[PDB]
Structures are given as C-alpha cells and as structure tokens.
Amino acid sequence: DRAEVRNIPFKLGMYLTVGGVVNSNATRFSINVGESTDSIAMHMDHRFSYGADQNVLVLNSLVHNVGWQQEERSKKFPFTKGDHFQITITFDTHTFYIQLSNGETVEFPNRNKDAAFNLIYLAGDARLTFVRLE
C-alpha cells in the first residue's frame, strides 16, 4: 500500500522532506500533496518509462470528480532505478517550491491558493524511507 502522511497539516511556511528508493524496474512513481487520492494540489510523477515519456518529470493537479488539469513537464531527472532519492517541498499562496535530489528545482502553481494540506503520499514504483514535516 501507498506510503502516506495523513492529517498532519502541511501548512504555508513548513517544509516537507521525503527520502526513498526507486524500484529496480520502475515504470513511474509520484509524490502527491493534497487532500485525498482524488484531490491533489501538486502531483509530481517521475516517469522512467510511461507511454512516450522516458526519464521526465510530469507535474499536475487533480480535482475531485473532475480530473487532471494542465500538465507541466521538466526534463530534470536526477533519478535512478534502485537508488535513493530525496525531495524537499515548501509552498506559499501561489507556488510550490520543489527541490530534487541533485539540488535542481522545479516550481508548480498553487492553483487553489491553499494554505494547508492534509495528505501527502507516494504512489507507484518506489518506497519511502524517511520523512520530515515541520
């Protein structure tokens, strides 16, 4: 089952740091910040091989009973199957600030202007090893 932190509010100004390991033959895994598995304010998918996407990040939001909004992509991909990764996220009213394993950064809009989130979870072909939310 997915790895998740639930009902510990991730509030404006706090930092989230997750560490984990990518599966050896992973297709893709995502890190997700939102309210539920059907309501995601920041989805960041790490695609090793998914349709036409090879070694790319795909970011988006998921709206409950509505679906996926406008995707954003990054070619930054310091991720390796079988190896550890670390991701750090913080946000303000307008922007999610994401930092990747190698120090490179991606930003994604806070489309609802949310000030807090009650669910963080990893899905797909990876596992989490540690978390700091504070």
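Numbering starts at 1 and runs along the sequence shown.
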For the higher mean C-alpha B factor in the entry, choose 1-9 or 125-133.
1-9
Going by the average Cα B-factor in the PDB entry, point out whether 29-37 or 72-80 comes out higher.
72-80
Based on the deposited C-alpha B factors for this chain, I'd like to know if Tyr97 is in the lowest, middle or highest third.
lowest
Among modelled residues of the same chain, the CA temperature factor third for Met42
lowest
How does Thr88 rank on Cα B-factor within its chain, lowest, middle or highest third?
middle
Of the three thirds of its chain by CA temperature factor, lowest, middle or highest, which one includes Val66?
middle
